[PDB]
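As structure tokens, the structure follows; a few thoughts come after it.
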Amino acid sequence: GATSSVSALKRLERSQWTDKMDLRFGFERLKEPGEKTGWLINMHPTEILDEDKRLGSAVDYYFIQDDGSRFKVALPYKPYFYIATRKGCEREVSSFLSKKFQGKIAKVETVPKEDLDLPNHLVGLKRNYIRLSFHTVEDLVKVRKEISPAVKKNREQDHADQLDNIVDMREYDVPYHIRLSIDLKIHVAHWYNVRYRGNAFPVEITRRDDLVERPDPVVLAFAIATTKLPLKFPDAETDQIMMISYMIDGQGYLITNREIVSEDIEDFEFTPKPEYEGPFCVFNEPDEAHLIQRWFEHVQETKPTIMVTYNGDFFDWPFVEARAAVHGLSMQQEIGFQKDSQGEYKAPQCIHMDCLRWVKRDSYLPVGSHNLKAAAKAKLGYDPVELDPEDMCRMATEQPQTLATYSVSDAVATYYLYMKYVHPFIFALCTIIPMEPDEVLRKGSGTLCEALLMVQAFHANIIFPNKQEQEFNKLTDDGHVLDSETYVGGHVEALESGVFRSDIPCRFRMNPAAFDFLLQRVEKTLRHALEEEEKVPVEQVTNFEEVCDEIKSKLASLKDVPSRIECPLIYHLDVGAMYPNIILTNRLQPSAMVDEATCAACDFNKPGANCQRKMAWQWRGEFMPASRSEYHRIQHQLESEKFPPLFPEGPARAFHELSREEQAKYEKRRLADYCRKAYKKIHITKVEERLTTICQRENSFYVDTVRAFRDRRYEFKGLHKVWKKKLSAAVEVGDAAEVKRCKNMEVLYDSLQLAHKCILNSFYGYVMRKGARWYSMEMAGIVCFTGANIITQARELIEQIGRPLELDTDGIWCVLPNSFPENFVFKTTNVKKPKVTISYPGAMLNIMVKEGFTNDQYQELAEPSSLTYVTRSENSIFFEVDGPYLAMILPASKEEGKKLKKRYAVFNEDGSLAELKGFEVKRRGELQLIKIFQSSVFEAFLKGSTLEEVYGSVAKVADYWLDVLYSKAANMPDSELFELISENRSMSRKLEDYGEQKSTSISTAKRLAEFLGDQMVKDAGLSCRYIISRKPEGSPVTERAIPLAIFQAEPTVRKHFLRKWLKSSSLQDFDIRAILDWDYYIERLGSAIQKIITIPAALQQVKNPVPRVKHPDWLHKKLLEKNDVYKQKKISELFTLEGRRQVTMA
Amino acid sequence: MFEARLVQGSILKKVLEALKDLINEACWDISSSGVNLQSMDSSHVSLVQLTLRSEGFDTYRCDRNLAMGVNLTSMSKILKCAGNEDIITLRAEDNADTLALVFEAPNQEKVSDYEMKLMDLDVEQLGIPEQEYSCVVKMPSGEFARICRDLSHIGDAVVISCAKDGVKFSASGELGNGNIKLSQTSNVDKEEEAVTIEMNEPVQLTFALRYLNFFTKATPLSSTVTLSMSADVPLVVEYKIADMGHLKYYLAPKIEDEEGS
Amino acid sequence: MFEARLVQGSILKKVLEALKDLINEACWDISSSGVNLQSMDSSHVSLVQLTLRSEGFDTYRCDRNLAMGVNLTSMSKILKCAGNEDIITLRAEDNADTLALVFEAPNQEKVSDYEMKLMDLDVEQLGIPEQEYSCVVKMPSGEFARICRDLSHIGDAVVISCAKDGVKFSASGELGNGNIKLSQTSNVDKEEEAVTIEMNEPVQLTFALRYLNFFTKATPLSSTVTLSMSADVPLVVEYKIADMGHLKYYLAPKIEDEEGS
Amino acid sequence: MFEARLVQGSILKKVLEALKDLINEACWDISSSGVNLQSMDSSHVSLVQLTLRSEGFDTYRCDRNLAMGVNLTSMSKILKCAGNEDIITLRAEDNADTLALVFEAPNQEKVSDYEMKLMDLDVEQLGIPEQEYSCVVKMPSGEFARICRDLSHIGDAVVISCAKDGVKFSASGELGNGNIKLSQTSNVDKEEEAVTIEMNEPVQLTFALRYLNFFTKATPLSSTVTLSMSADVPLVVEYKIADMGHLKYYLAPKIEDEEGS
DNA sequence: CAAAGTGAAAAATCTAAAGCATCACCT
DNA sequence: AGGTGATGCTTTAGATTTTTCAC
Ligand SMILES: Cc1cn([C@H]2C[C@H](O)[C@@H](COP(=O)(O)OP(=O)(O)OP(=O)(O)O)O2)c(=O)[nH]c1=O
Ligand code: SF4
Ligand SMILES: [Mg+2]
């Protein structure tokens, strides 16, 4: 009534303020009738008033024209969801819902759609749902909250008559923004014609395809640098912002303070690369209010329609907004920027892109290289090398020269990272993903995959399956309560350990039967690698046998000597997108994951039905040892007991008033305590083998979506491949003017295919996230077990020729003989492809794949609505061969029967680093001693013509660093000592969520809290860097974890903190070396050396490279058993065996 | 069916405690002469024989021959629940997979009955030849357990060398070496205390000390132990369990292989 | 005001060592009729009643009914400092922040007063009924501790059955099926090694074996333990102390869901 | 050329069992007058002093004070092989890199020759002067085995206040304030249970109790422990090894430093 | 309200199962 | 000084947690 009228008045005030904000920043409404051409940049759900005096929402589409003019069009659409209905009675429920929501819905129509979960849904059977269209988004939220308890009640019921017949409302969590992008195909980064013919006629939009080029939008890259209290977390209540540096379309503008900044800042030029240029011109306004005012006027003058920064949702925009609220001028009322409900700040008039929301998701970078200062190295190919981080920064910050250098640095990098990697990739995403660039950059990869599948399902006219919820306290078939339900994923084994160079000869133990069957397989291998790899030389090859006879001669000439010492060929037989290609080979959809009852419900369960693929997977479940009777007993006793009230001094809560999350959190702890007190154990791990079918007749929207995204990724990968071949052509000849062009272009395409790879692998990951429309227990496990089978059969094939070394769920790292055939060139009379290069090991692996892993159940509808379900045999799972590498180094474990998996170092042929995977160098923080050791010790692994000399060089590097770690500070200064032994650790959670839990990071966070305030620990993502002390001897590692922020302050405010946690109030030394645990750091470096060098040397039959590091006791026992001349005999050898008898049951 | 009745129930516990630590899965047998077992370890280094004669038991009931593949890693946990001085009754059926163990208190009141499931086993049976040992030493078992547990802290290679002066148990290791000499008794009349030696030729063999530690968990089984050895012949560790039976431990030696020649 | 004194001061040490492992916190309930303890374990399936009589103390003087918040792990590891024969005296104020307990030697050579910090928690009192029991068994403590520690090796759930033949403790598991049988012991009449039963109905239940292992840390409390068990009533492990009341452990039996229900 | 003989074999065994967990490696400085041993801790807090003269040795023959770098864990492994009453003979030659630890049985039926390996190292000593210690507390070690490891269960940092009435060790910890008090109490003046306090001046001194638990492993070595302390002087806990020797420990005193200083 | 999986190293703490050094009676 | 069972002090074997790489 009166409160609803003032809510509509507030919403109309919101809309008029939004249009005034739009008109200030360009973006005129289309009041004049006519036709205009625009490039869509922005969308937001705002409210509008039509001619019927009704307040409805309208997504305000923003366009940029070719001349630079921009305009805003609010297309009015009515938000909706879909509702289900039990039977054909659809008019009465529609009338009942229309006659009591007469001022809050718009129109009701019955909608035919196809759902994946229906039995017999492939004969041409559809389920008819109901549209309910409202007026506003707030109308949608209020009606959804009003009718949403009926969802839970009608779901729980399983055994006003026109109100209770509804089964389940569908597509209610879908945003109105996302919905309007999906419905009328209005995607960002496309060209459109906008026609307005008055307020009575709705505005019409049409796609325009004859224009393909992109315009140049105004892109702002601002980043601030603020002084603060020394070594504190960023808070805006202490002082103000010194400098903001911001670029306008490759032209940077900087505004500085003058009342605190000493030097009047002059102008300079930044040249990191010829590609990245900023023609700066600086302003020198005197006051901080005038700083923000100059920023407001320059943003209003330039009218930026894309605005990028470093950590805008976390540091920058809260700081400037708190400063603006202090100084009086409102950030919202000036530029549209207010904090929204998720902590992200969204203008109605602009685009916000945090580069971390692209780096942390799509860049495939280590988290230790997630900031801008290290993502510049990994993307732009340049390093900001400015100054020392201590002396010229922490106390010499009065120097405005250095301050402006850093300010320009934090702006050029974000601007050019956007323009080069985030702008084209994110708008190429936005062309297909139905979201604005803020949402595309900010949502998860699973949400991006859900959006892409949502477009494909709406294009196929498929209703969107409901967002599932995480079930609590899942039950095993016997009755145990499941802690976690998992599948067995990829198969990782490290088979060998040691350095395998291609210049040192190594022993091969191939059986002759492998070469005997390869001799007859040669013709098939070259025919398959000439047909399926490149389609053009199908039968046009001239010298088809003139190389094949040489191949057979080379393969059979050294078959006569199977056991042979020879130099190896380090070959990476890698599959290209094995998870998407297994999906694309087997038609693996989460909709297609089908069981026996649902196949029996289908009408196409023929006796010769070639429509079920019965691939298997390995289920895995950890469950409590307590049984179902104990679970019922503890549930009853928890139901009897009264819970404490939620409200302060409120009514007591029973069992049926608490939520399911609270009940599960109570029951988990109260059952785990009973399990530890009554069963000796809490988690029993069980691995189960199970197999389910895949319906090959089903709708292929998931397969089409992953095929379209894999074709996009493979278009970018083919561009990467042809530019890599261009770089290989431009190498080994003199330097030209296009070598750097080829290198940067191949780096850009490698980044592009990695960024598309993240979404493509998140297609596999999407079926295993909470709140997924297309969740599947079986599908991801099936794809992992199929990849495991592929790689273990490749290991079985390789182990009969050479030695497989590192099995991951990628491919085989192996060594093959030098006399094995290799990359040979095949000539062809076709002008398009005169020469085709084909490698032999990938060819025989691809023939193994074609013989066993091919799919003859590939029912694909050639013509829809005709049941012409033809069957093909597409493999597309190819083993791409990486080149013959120089060396491969693998580490070994410190215990018997175990090996370090997912960890190796591979070098390219020119001595360069090809791969360094799994190590602690790339990991965030860790010990910098470990990082320095593992980054410097592998360059010596290429030095030496034999294993003993190679291990001696590696031992020289290791001993040198051990001599440093023992006789520290011979000439080695305290500053690099301090920055050498630091260990950085970061927490995902808050310190108050780490209560009653002991860890080194938790203890040093508590130490930092009781050192300088709790406001360091009230926020998540705390980076604590520390050392492990030793002065309270006998105390554990957690009680001796001590931060490094106490050896920087004054003695009067550091001696108390030195004497508190060292349990020594009488101590006097201020040196860090007395506090440091020498034995702990010796043991850490010794364990690293044992894993890298000494234990693999013992496995490759070298005595000991590093005599300072001892061996484990089992390895010492094996070495002493091998060294001595005495031997173990057997009773079976000494006394004559009577015979092996069998003793059976009685 | 197999029925056994043993008054002094301590010996059976020590027999099993001597067989827990060395054999994970052994094979048992019943004949008319008594209960005998013969099985090896997982590394095929030591053969183990225990023969308990029929008339030594309190009463013996033998019907046929049964081969029993009981796990000895679980037998002295269902048998560890016995006192030493209680009577032990063993029942094994002809065609059932249950082995019944009953313990009776001397007060004839506390009766503990248990059943143990049986399973198949594939163990090589090895024939024992009769060999004339060049050396025989008859030593108290506490001294031999002490000697192997004391030399176990030195190394794993044990050199058993007997010459005309006496018997040497020699071991060497990373912390040094230890060789311990035992001399013949001359004025000792007790059978359980005196040590006697029989010689044909001085022997010099080398064994594994961990297996000698695993052998000597039969220490209060008998107050004496007989060790007989010969060149290129496995050493025997004979524990004479009163008149009840005997327990033999066969140990494969270490001789030097002439790799140069 | 609180003042108490007992010469035989080891009884408090024994009951606190028995209550250390099971219950973490407790509430000391004070009255002229009797001093009550009523605590629940952390898994909330075991209930504890420890009653100490007022007249059993040598000197006792309390003016009103008081409540005390105490964790028994700290109280047990602070009571273990006393010997086996020292005289205990307990002291407190009405609402003090400390509990004063003093140990004095019989020869007055070691007077030791301990002050510990109490913790104020919610004091919950649940009046349980002393329901009449179908079966009681007065049997020694060490024999029951032996029964629990022997059945713990073979299984994890004890099927306790009693009838006219006596009492029976059965188990099952991965090793096998075992049972311990005890008769009426009516032939002899001993003051400590006697197992006397009283039955109105032969009733059998199943219990948790590790909970029985936590219960039988009260072995040095007395040489006679009264197990009380009836159908759908918790088992009462009553330890009767001479003129100091009793300590009862209550364990919920596993009345499992019947397949025919 | 250096030899020594002891009929008492338990003294060296107990002095190695009480010293292995404190010092890993120490140098034995055996002189002509007897066995002297100063030993710094691995964490560089304490000094341990041993003084074993030649009056209790069977035969003593020393020429030069040699320093032998015996590793304590290895020697405690090897001195474990000695018997409780067995005769221990240690022998060192002029050019012997090894140490010949020879054990003789009391029946003279065995010779047990152990060669333990030695490595050479050089350290420096500073000695300790003689002071006047105010408070000397002679007290039975078997009760210190119940006092120290039970006071360390409730608190680490404990203080020692001394007076004419007696000595009080006050345990401050998370559990509370733990006071034990011991007086003279010469009513029954027993020979070994004689709590005698030689009192000169009242001193309050603070100490740690994991560390004071680490000297109290030598309670079977001696019969009574005397400890002497004074104003800001390091504590000397002493033990009396029969009439053979004495075992002293030097604990540097812990001072609670004030914030205002 | 939004949030892609699993495998694995690396270390750090938390438990319990053994190994092994002393006590409750009888000549 | 020798014979049985507890009873407590180290030692080691896994179990569990948490970042942050691999795939
Ligand atoms: C990197 C990554 C891989 N995977 C899975 C999917 C991949 O098929 C498999 C191996 O991926 P990768 O070998 O790293 O990449 P790719 O196989 O998809 O393509 P290419 O080899 O040409 O670079 O691991 C994920 O599920 N998530 C991920 O983040
Ligand atoms: S797999 Fe075959 S039988 Fe099963 S649902 Fe699909 S078409 Fe029907
Ligand atoms: Mg791959």
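Residues are named by chain letter and number: chains run A, B, ... in the order of the structure tokens, numbers start at 1 in each chain, and ligands are numbered from 1 in the order shown.
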Against ligand 1, which residues of chain E fall within 10 Å? For each one I want the closest pair of atoms and the distance in Å (one decimal), counting only C-alpha atoms (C1' of nucleotides) and all ligand atoms, rows by chain and increasing residue number, as a Markdown table.
```
| residue | atom | partner | partner_atom_place_in_ligand_line | distance |
| --- | --- | --- | --- | --- |
| E:4 | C1' | ligand 1 | 27 (N) | 7.6 |
| E:5 | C1' | ligand 1 | 26 (O) | 6.0 |
| E:6 | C1' | ligand 1 | 26 (O) | 8.3 |
```
Can you superpose chain B onto chain C by least squares over all C-alpha atoms paired in order and give the moved copy as a compact mmCIF listing (two decimals) with C-alpha atoms, in the first residue's frame?
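Result file follows (superposed_35.txt):
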```
# COMPACT_ATOMS: atom_id res chain seq x y z
CA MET B 1 32.87 -24.09 53.20
CA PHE B 2 33.42 -27.63 51.93
CA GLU B 3 36.04 -29.48 53.99
CA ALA B 4 36.81 -33.19 53.65
CA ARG B 5 39.41 -35.36 55.36
CA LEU B 6 40.23 -38.86 54.08
CA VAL B 7 42.77 -41.14 55.75
CA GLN B 8 43.32 -43.77 53.05
CA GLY B 9 44.26 -41.37 50.27
CA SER B 10 44.72 -44.13 47.70
CA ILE B 11 40.97 -44.52 47.02
CA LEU B 12 40.62 -40.86 45.85
CA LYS B 13 43.56 -41.30 43.40
CA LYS B 14 41.94 -44.46 41.91
CA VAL B 15 38.53 -42.67 41.81
CA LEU B 16 40.16 -39.89 39.71
CA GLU B 17 42.18 -42.39 37.64
CA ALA B 18 38.86 -44.09 36.87
CA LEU B 19 37.39 -40.73 35.83
CA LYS B 20 40.33 -39.26 33.88
CA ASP B 21 40.13 -41.73 31.01
CA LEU B 22 36.39 -41.37 30.31
CA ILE B 23 35.07 -37.90 31.23
CA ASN B 24 36.84 -34.78 30.05
CA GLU B 25 34.56 -32.40 32.01
CA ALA B 26 32.37 -33.58 34.90
CA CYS B 27 30.14 -31.93 37.49
CA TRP B 28 30.44 -32.40 41.25
CA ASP B 29 28.02 -31.65 44.08
CA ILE B 30 27.95 -31.48 47.89
CA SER B 31 24.89 -32.14 50.06
CA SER B 32 24.28 -33.16 53.66
CA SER B 33 24.28 -36.88 52.76
CA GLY B 34 27.80 -36.58 51.31
CA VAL B 35 29.66 -35.79 48.11
CA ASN B 36 27.95 -36.92 44.90
CA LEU B 37 28.74 -36.31 41.24
CA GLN B 38 26.72 -37.03 38.10
CA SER B 39 27.88 -36.31 34.55
CA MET B 40 28.00 -37.86 31.07
CA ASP B 41 30.57 -38.14 28.30
CA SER B 42 30.90 -36.21 25.04
CA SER B 43 29.22 -38.90 22.91
CA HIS B 44 26.24 -39.18 25.33
CA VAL B 45 26.70 -42.93 25.80
CA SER B 46 27.73 -43.38 29.45
CA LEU B 47 26.44 -41.70 32.61
CA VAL B 48 28.76 -41.67 35.63
CA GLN B 49 27.74 -41.48 39.28
CA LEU B 50 29.97 -41.49 42.36
CA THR B 51 28.52 -41.02 45.85
CA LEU B 52 30.76 -40.73 48.91
CA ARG B 53 28.77 -40.66 52.14
CA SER B 54 29.47 -38.21 54.95
CA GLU B 55 30.15 -40.54 57.89
CA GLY B 56 32.62 -42.63 55.87
CA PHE B 57 35.20 -39.83 55.90
CA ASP B 58 37.50 -39.25 58.85
CA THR B 59 35.76 -35.94 59.56
CA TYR B 60 33.21 -34.07 57.45
CA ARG B 61 32.29 -30.35 57.46
CA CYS B 62 29.18 -29.39 55.42
CA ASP B 63 27.72 -25.88 55.38
CA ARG B 64 25.67 -25.41 52.19
CA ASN B 65 25.21 -26.86 48.71
CA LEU B 66 27.77 -26.08 46.00
CA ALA B 67 27.88 -27.31 42.40
CA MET B 68 31.42 -27.89 41.14
CA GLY B 69 32.25 -28.08 37.45
CA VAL B 70 35.87 -29.22 37.75
CA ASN B 71 37.72 -30.54 34.72
CA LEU B 72 38.68 -34.14 35.39
CA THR B 73 41.32 -34.13 32.65
CA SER B 74 43.49 -32.02 34.98
CA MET B 75 42.45 -33.14 38.47
CA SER B 76 44.57 -36.31 38.60
CA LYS B 77 47.72 -34.43 37.63
CA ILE B 78 47.47 -32.05 40.56
CA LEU B 79 46.36 -35.14 42.53
CA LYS B 80 48.77 -37.60 40.84
CA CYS B 81 51.49 -35.89 42.95
CA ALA B 82 50.15 -37.74 46.04
CA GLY B 83 51.23 -40.93 47.72
CA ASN B 84 48.65 -43.59 48.48
CA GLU B 85 48.95 -43.73 52.29
CA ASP B 86 48.98 -39.95 52.87
CA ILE B 87 45.96 -38.12 54.30
CA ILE B 88 43.96 -36.09 51.75
CA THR B 89 42.32 -32.76 52.66
CA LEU B 90 39.98 -30.99 50.24
CA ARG B 91 38.92 -27.37 50.76
CA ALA B 92 36.33 -25.62 48.60
CA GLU B 93 35.25 -22.09 49.48
CA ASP B 94 31.68 -20.81 49.32
CA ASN B 95 32.23 -17.90 46.90
CA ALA B 96 35.73 -18.34 45.46
CA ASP B 97 37.10 -19.91 42.28
CA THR B 98 39.90 -21.82 44.05
CA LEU B 99 39.77 -25.46 45.15
CA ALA B 100 42.42 -26.38 47.72
CA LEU B 101 44.02 -29.84 47.93
CA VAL B 102 46.32 -30.64 50.87
CA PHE B 103 48.22 -33.91 51.37
CA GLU B 104 49.80 -34.79 54.73
CA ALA B 105 52.52 -37.39 55.23
CA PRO B 106 52.14 -40.11 57.91
CA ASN B 107 55.38 -38.73 59.42
CA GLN B 108 53.45 -35.41 59.76
CA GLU B 109 56.32 -33.56 58.05
CA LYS B 110 55.79 -33.46 54.27
CA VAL B 111 52.78 -31.23 53.55
CA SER B 112 51.84 -30.56 49.91
CA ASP B 113 49.21 -27.85 49.39
CA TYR B 114 47.78 -26.94 45.99
CA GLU B 115 45.17 -24.60 44.51
CA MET B 116 43.11 -25.30 41.39
CA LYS B 117 41.13 -22.67 39.48
CA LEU B 118 37.47 -23.37 38.75
CA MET B 119 35.31 -22.67 35.71
CA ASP B 120 31.71 -22.85 34.53
CA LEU B 121 30.19 -25.93 32.91
CA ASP B 122 26.92 -26.72 31.11
CA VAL B 123 26.10 -30.39 31.79
CA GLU B 124 22.67 -32.02 31.56
CA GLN B 125 21.64 -33.44 34.92
CA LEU B 126 19.69 -36.69 34.55
CA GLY B 127 17.41 -38.22 37.17
CA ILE B 128 18.13 -41.82 38.14
CA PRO B 129 15.03 -44.06 38.31
CA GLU B 130 14.93 -47.16 40.50
CA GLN B 131 14.62 -50.33 38.43
CA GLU B 132 14.31 -53.98 39.46
CA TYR B 133 17.23 -55.60 37.63
CA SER B 134 16.52 -59.06 36.22
CA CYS B 135 20.16 -60.11 36.71
CA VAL B 136 22.74 -59.25 39.37
CA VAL B 137 26.32 -60.54 39.33
CA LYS B 138 28.81 -59.74 42.11
CA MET B 139 32.29 -60.34 40.70
CA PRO B 140 35.84 -59.59 41.89
CA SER B 141 36.99 -56.37 40.26
CA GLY B 142 40.36 -57.71 39.12
CA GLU B 143 38.59 -60.45 37.18
CA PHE B 144 36.21 -57.95 35.55
CA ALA B 145 39.07 -55.63 34.57
CA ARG B 146 40.91 -58.67 33.23
CA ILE B 147 37.81 -59.77 31.32
CA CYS B 148 37.24 -56.40 29.65
CA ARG B 149 40.93 -55.84 28.87
CA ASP B 150 41.15 -59.36 27.43
CA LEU B 151 38.03 -58.96 25.30
CA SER B 152 39.15 -55.49 24.14
CA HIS B 153 41.75 -57.08 21.86
CA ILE B 154 38.98 -58.99 20.04
CA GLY B 155 36.38 -56.35 19.21
CA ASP B 156 34.37 -53.38 20.44
CA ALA B 157 30.93 -55.02 20.72
CA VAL B 158 30.56 -56.94 23.99
CA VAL B 159 27.62 -59.30 24.51
CA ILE B 160 26.81 -59.81 28.20
CA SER B 161 24.52 -62.85 28.36
CA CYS B 162 23.57 -64.63 31.58
CA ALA B 163 21.72 -67.94 31.51
CA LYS B 164 21.17 -70.66 34.11
CA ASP B 165 24.64 -72.16 33.62
CA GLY B 166 26.49 -68.88 34.23
CA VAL B 167 27.53 -65.47 32.92
CA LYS B 168 28.94 -65.08 29.40
CA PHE B 169 31.05 -62.14 28.25
CA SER B 170 31.11 -62.46 24.46
CA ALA B 171 33.00 -60.34 21.95
CA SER B 172 33.60 -60.66 18.22
CA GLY B 173 35.96 -59.03 15.77
CA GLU B 174 37.95 -59.25 12.56
CA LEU B 175 40.44 -61.74 14.05
CA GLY B 176 37.74 -64.02 15.48
CA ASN B 177 35.43 -64.15 18.49
CA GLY B 178 35.76 -64.78 22.20
CA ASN B 179 33.12 -65.79 24.74
CA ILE B 180 34.15 -66.36 28.36
CA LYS B 181 31.98 -68.19 30.90
CA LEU B 182 32.01 -67.65 34.67
CA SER B 183 30.38 -70.10 37.08
CA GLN B 184 28.95 -69.64 40.56
CA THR B 185 31.12 -70.38 43.58
CA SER B 186 30.01 -73.21 45.85
CA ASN B 187 32.83 -73.85 48.33
CA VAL B 188 34.33 -70.34 48.65
CA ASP B 189 33.73 -68.49 51.92
CA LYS B 190 35.69 -65.30 51.18
CA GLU B 191 33.55 -62.29 50.29
CA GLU B 192 36.18 -60.74 48.01
CA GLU B 193 36.87 -63.98 46.08
CA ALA B 194 33.47 -65.65 45.64
CA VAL B 195 31.14 -64.73 42.77
CA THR B 196 27.36 -64.76 43.30
CA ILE B 197 24.47 -64.41 40.84
CA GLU B 198 20.80 -63.40 41.23
CA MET B 199 18.27 -64.24 38.52
CA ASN B 200 14.76 -63.35 37.44
CA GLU B 201 14.95 -63.94 33.66
CA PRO B 202 17.96 -64.65 31.40
CA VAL B 203 19.21 -61.43 29.80
CA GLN B 204 20.97 -60.84 26.49
CA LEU B 205 22.35 -57.32 26.01
CA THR B 206 25.12 -55.82 23.88
CA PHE B 207 27.41 -52.94 24.86
CA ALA B 208 30.52 -51.04 23.81
CA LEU B 209 33.76 -52.60 25.05
CA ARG B 210 35.78 -49.37 24.99
CA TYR B 211 33.44 -47.92 27.61
CA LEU B 212 33.90 -51.10 29.65
CA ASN B 213 37.67 -50.54 29.47
CA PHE B 214 37.13 -46.93 30.60
CA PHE B 215 34.94 -48.19 33.47
CA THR B 216 37.52 -50.61 34.88
CA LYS B 217 40.24 -48.14 35.85
CA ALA B 218 38.62 -48.43 39.31
CA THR B 219 40.12 -51.90 39.72
CA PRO B 220 42.05 -51.68 43.04
CA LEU B 221 39.38 -49.31 44.36
CA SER B 222 37.29 -52.29 45.46
CA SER B 223 38.04 -55.99 45.53
CA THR B 224 34.52 -56.70 44.21
CA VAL B 225 32.27 -55.18 41.54
CA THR B 226 28.49 -55.55 41.17
CA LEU B 227 26.92 -55.62 37.70
CA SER B 228 23.13 -55.43 37.53
CA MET B 229 21.35 -55.47 34.18
CA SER B 230 17.84 -55.66 32.73
CA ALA B 231 16.19 -55.65 29.32
CA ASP B 232 16.22 -52.19 27.66
CA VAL B 233 17.84 -50.85 30.86
CA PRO B 234 21.42 -49.49 31.08
CA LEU B 235 23.90 -51.74 32.86
CA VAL B 236 25.34 -50.58 36.18
CA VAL B 237 28.98 -51.05 37.17
CA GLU B 238 28.82 -50.58 40.94
CA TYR B 239 32.18 -50.38 42.71
CA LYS B 240 31.56 -50.61 46.46
CA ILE B 241 34.43 -48.59 47.91
CA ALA B 242 34.56 -50.27 51.37
CA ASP B 243 32.16 -48.38 53.63
CA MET B 244 33.36 -45.10 52.10
CA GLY B 245 30.80 -44.92 49.29
CA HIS B 246 30.00 -46.31 45.87
CA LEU B 247 30.83 -45.64 42.22
CA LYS B 248 28.23 -46.39 39.55
CA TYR B 249 28.84 -46.55 35.79
CA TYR B 250 25.74 -46.42 33.59
CA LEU B 251 26.16 -47.91 30.10
CA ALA B 252 23.65 -47.45 27.27
CA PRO B 253 23.21 -50.80 25.47
CA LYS B 254 22.88 -51.87 21.84
CA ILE B 255 19.62 -53.60 20.99
CA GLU B 256 18.68 -54.70 17.48
CA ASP B 257 16.34 -52.26 15.75
CA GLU B 258 13.60 -54.05 13.82
CA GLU B 259 14.10 -52.10 10.61
CA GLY B 260 12.11 -54.59 8.53
CA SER B 261 9.19 -54.55 10.97
```
Test item: residues lying within 6 Å of ligand 3 with only C-alpha atoms (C1' of nucleotides) and all ligand atoms, as a PyMOL selection string:
chain A and resi 574-577+810
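Here CA of residue 819 in chain A stands at a distance of 26.9 Å from CA of residue 493 in chain A.
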Please, which residues of chain A lie no more than 10 Å from chain D when the count uses only C-alpha atoms, and can they be set out as a count of residues only?
12
Can you tell me which residues sit at most 9 Å away from ligand 2, counting only C-alpha atoms (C1' of nucleotides) and all ligand atoms, written as a ChimeraX atom specification?
/A:119-122,592,594-606,609-613,693-698
Within 10 Å of range 19-27 of chain E, counting only C-alpha atoms (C1' of nucleotides), which residues qualify if same-chain residues fewer than 6 places away don't, as number ranges by chain?
D: 17, 220; F: 2-11
